[PDB]
């Protein structure tokens, strides 16, 4: 268990002792955790067997998994060639959300040149290596290793087949009327004002694993329709994952990569209730492709402050938020349906 000390402003006290500590590692720019294959030689053999099985490539679950592949790929290919394996691993850059894949790597056993055959990691959708023949979520943390600068997390091949996110790195807690669902890439923050509802969400990236019921507060009496963050995008089945006047945001800007969700106004914009406004549709950005600002938005039955996305490209409103004045084709809209 965890032993330590902390300053709780809410209870206006400083306390020390055993218990459980949930940290915010999504805000920290530094990667305080790092992934490492348990064995490089074994992993090499896994892929050729994966290749043998007819697997063209792989899709990482998260940026950190993606990053892991980036560092090891040289070492893998060198082995692959010194072993004499024809295959060579290609790690393709991933921008946007990390999608899932039906195939899974199988557990077995108990500088670099170009090469003839490729194992493709991530990147865009290709007909060369369609996702239907790619692996995903095939690894899990066996244990941790002490790191001076960064905690080491040793991965291993999953024996079971799941869509569930790795439980180990998940931290979930509620105290002093603050409720948190978190992992290394997700920080979902809900608070008790007048009521309990979603307030803040930060996603280093968007991923398509599923969130465990075991690590889910308020999992009873669930309407999937009311879940802001969709289940298929690793949204937790919680009644914490809700806000009055909003539904599932299946058409949010998920393919933008980093997504910051909160309830406020997009800079220089206005949202207002109106029955003359239009019904929910794809999340729209305030700035258009030209960059023009859109001042007047509306919504029918949403609450205020309004659902807000922040993205490298700009900021977006929720699906229920619609432009007061615009024709629809002219603006940037999320093309994600999940």
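Numbering follows the first chain given and starts at 1.
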Gap size between residue 159 and residue 160, counting deposited residues with no coordinates: none, 1 to 3, 4 to 9, or 10 or more? none
Per the record, averaged over C-alpha atoms, which has the higher B-factor: 88 to 96 or 248 to 256? 88 to 96
Decide which of the stretches 204 to 212 and 134 to 142 has the higher mean C-alpha B-factor, going by the entry. 134 to 142
Maximum C-alpha temperature factor per the entry, among 189, 82, 264, 226, belongs to which one? 82
If I read the C-alpha B-factors straight from the PDB entry, which of 182, 238, 108, 195 is highest? 108
Lowest, middle or highest third: where is residue 125 by C-alpha B factor in its chain? middle
Within this chain's modelled residues, let me know which third the CA B factor of residue 45 belongs to: lowest, middle or highest. highest
Third of chain Cα B-factors occupied by residue 65: middle
Residue 75, C-alpha B-factor rank within chain (lowest, middle or highest third): middle
Which third of the chain holds residue 149 when residues are ordered by C-alpha B factor: lowest, middle or highest? highest
